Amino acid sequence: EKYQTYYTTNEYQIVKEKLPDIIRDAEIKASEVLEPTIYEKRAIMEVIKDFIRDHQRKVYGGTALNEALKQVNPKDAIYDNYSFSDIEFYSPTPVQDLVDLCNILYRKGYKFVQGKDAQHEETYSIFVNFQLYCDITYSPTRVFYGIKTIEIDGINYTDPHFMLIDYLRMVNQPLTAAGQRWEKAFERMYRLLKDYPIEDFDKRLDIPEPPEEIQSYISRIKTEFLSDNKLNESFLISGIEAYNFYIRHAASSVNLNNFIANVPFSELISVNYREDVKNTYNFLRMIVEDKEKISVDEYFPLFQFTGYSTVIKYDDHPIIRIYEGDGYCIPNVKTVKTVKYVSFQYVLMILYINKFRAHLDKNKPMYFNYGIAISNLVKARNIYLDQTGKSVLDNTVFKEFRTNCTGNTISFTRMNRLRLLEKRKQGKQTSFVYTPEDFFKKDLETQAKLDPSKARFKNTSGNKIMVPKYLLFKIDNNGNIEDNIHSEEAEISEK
């Protein structure tokens, strides 16, 4: 039983070394002779880049980042001219844009030009000759025009400090996005925060201190409500409260506690919202001097950055704003006294999100405060690690890439396949396809049947829910709170 040895030492090493270079050298050859070639690629991309310029849409994802990193330093590019990179962009009329770009590309000669309804969140896809070229994402009117942009070659590239939200959004989903995203999202976050650094503001935090009646209720929610172990299970401390937490923890070892801010109201995230809101309401309705002063404001999700929210107000004063974290496992910090705070990268995330809410809400003082808060929170973390000689991975309060989280989460695939099956049972139309070649082989009567204006999307405006049939909660005549048996409807593509 004699045997031969194919591959040895260091022959195996020799192969592993040159192998990715050879694979590259081969992909180069493949791109210059296999259809679609690198030139067909370049051609379609410039056709789409022209359309974005024309309708003035907002480009995000890899394409915006690459373009932006390059405006600063071409060496900091995340793409090669061999990259078959997806050009993603935001649009308030996405299905109409899909039909236009699909027509334009078909007319230009290409095949097989196809416009599909993608798996992901209110995104549509354009494929040309079995190759995905771009993705059109629905952005509600309100959100859309509020997005800060940077201009390059007459194209609106989503502000680097806005794209940053989405990158933190990745690191802030440890169970559903650690494998598939944390490697690229860290690498990209690095270059983005290198070429577009976080600003340094010497300006003071000017958050108005509220009245004593309110000031006591905000405090008594922490001391009396959030202490009850059968009540605080699903709560996570966000807002200026959480901000101050990291601000205080930065003192533990030019220019002191001076970064501390007046807490204007509580901002909490619940991983069991409907139960936790009703419970906060009933607690305030018990601890409040004249219960008929209590009012409840609800808000739609802010784009794709938050879920629903509810503000409980006493004399039109916000006491607490509760956010819906249902379906998410939020990375959190543990201390817990004596005789749950959202993670450092989560607060750094919400601060940016809240700054954007302010911008949409037209609120200029809050828009300036969040910006100050971010700068201060970053100054705070840096000086702490400088004084302690620590790292973003050492078990500190400012630790990054946390796996430890609160809440029952579900993988993207699961979330996508379940949502699809729900709307499939509803008959809200599963997959939408547009093949201009096939569409134009059809009569003008059938061609007339297609209307992109008649397309519905989830209301993700961040706007106060006015109409009661869209409100999640109901206030009964006795003054109590109840789960509203409503219609979870949203909005048409008619702008």
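In case it trips you up, residue 1 is the first one in the sequence shown, and so on.
According to the entry, the deposited sequence runs straight from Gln387 to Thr388 with no unmodelled residues in between.
Between 241-249 and 158-166, it is 241-249 that carries the larger average Cα temperature factor according to the deposited entry. The stretch with the higher mean CA B factor, choosing between 469-477 and 21-29, is 469-477. The PDB entry gives the largest Cα B-factor of the residues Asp394, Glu199, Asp361, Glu88 to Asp394. Of the candidates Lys116, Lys334, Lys355, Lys111, the PDB record gives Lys334 the highest C-alpha temperature factor.
Among all modelled residues in this chain, the alpha-carbon of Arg142 has a temperature factor (C-alpha) in the lowest third.
Looking at the C-alpha B-factors along this chain, the one for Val433 belongs to the middle third.
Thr338 sits in the highest third of its chain by CA B factor, as recorded in the PDB entry. Per-chain ranking of the deposited C-alpha B factor places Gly325 in the middle third. Ranked by Cα temperature factor within the chain, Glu275 sits in the middle third according to the deposited record.
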